[PDB]
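We begin with a single chain expressed as structure tokens, specifically the form solved without ligand ADP.
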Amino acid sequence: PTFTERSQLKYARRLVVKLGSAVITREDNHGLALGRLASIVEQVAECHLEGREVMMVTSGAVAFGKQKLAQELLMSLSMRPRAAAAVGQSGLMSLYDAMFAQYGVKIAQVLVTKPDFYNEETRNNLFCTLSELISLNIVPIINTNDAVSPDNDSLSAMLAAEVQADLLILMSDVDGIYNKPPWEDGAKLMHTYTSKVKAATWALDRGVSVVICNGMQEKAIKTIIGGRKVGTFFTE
């Protein structure tokens, strides 16, 4: 890429957020934590009204479907996942629509899957779709196709690579990257950097400066864009 130090990260013109499946779902995998989700939608809409062109990759659509049913799964578990995923995708897109249009923005559910990034025709089609959507002041929300799926991070890295984004914020649960497992002497967190780690290395080789923050920390995106020593930063 071109970015080297965290001080430069105020000049990134195309973010790609990626809400991890452990940030937005409450501590059961049986709900949808509204606190962190509303905070992250607030930060993303505010950052998009600032002039950048964000593009979320929302994970965790099975949880909304599980909680929306909560009855037909119960009455069937005594007489007897993808169905929950489908129903949840629909309902979650509705809820995102509400909580985003509460800031003036519009959204547009784009559904892809990892095989769609391998053939050239589908890659061309998807890039054309995303560019026509970005040029219209819309925030695409790129979920994974649930009905053709056997933690959507490699997908986010590859998507940032194709669209060639400046940043790639990768929210998660762990505070960052340590030097050794936490149950050890010398758990020195490595802010800079000489699964998530592999995808970050990939996106680094493809011209993308990955950053791995902590989801539960208040005002995460607005902080990491500014330059505070938060999260993790991958660059030679």
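Note that the rigid core is defined as the largest set of C-alphas that superpose within 1.5 Å between two forms. In this text, residue numbers run from 1 along the sequence as written.
A second form of this protein, the form deposited with ligand ADP bound, is not displayed here; the remarks below concern that form.
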Consider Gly176 of the chain shown here, and say whether it contacts ligand ADP in the bound PDB entry, taking contact as heavy atoms within 4.5 Å.
yes
Considering non-hydrogen atoms and a 4.5 Å limit, does ligand ADP approach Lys196 in the bound PDB entry?
yes
is_contact(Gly215, ligand ADP) in the bound PDB entry, heavy atom dist at most 4.5 Å
no
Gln43, heavy atom within 4.5 angstroms of ligand ADP in the bound PDB entry
no
Among 45-53, 26-34, 166-174, 203-211, which stretch sits within 4.5 Å of ligand ADP in the bound PDB entry, heavy atoms only?
166-174
Would you mind telling me which residue of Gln164, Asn124, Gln71, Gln102 shifts its Cα by 2 Å or more between this form and the one not shown when the core is superposed?
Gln71
Cα of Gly31 displaced 2 Å or more between this form and the one not shown, core superposed?
yes
Any CA movement of 2 Å or more for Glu184 between this form and the one not shown, core superposed?
yes
Have a look at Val112 and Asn29: in the bound PDB entry, are their Cα atoms closer together or farther apart than in this form, given the change is 3 Å or more?
farther
